[PDB]
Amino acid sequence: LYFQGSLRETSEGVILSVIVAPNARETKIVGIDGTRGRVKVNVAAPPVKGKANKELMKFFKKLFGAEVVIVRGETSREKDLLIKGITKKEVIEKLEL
């Protein structure tokens, strides 16, 4: 399994497709879902008042050094994140760290 199955590069940056589990001990990448083409992300926040979405975005903004917005799935576990102004090569390097 490679992270490439969860990413695609658009004119605006990289869409990173994730599947979250809230209430986690630590916000971190725990795996890849090879059927859904998504990175499994544990989020150390409750899924109330948008707090899991906020923590998810904060985690990836820090990892990538780039603005991260949710473009689909604000109220779903399966969320698509636009990482603005970054290339797929840069995203792969950071996910592989």
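Residues carry their position along the shown sequence, with the first being 1.
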- Between 85 to 93 and 15 to 23 (mean CA B-factor, as deposited), the higher: 85 to 93
- Task: Identify the stretch, either 56 to 64 or 27 to 35, whose C-alpha atoms have the larger mean B-factor according to the entry.
- Result: 27 to 35
- Query: Lowest, middle or highest third: where is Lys51 by Cα B-factor in its chain?
  - Reply: highest
- Message: Ranking every modelled residue in this chain by its Cα temperature factor as given in the entry, which third contains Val41?
- Response: lowest
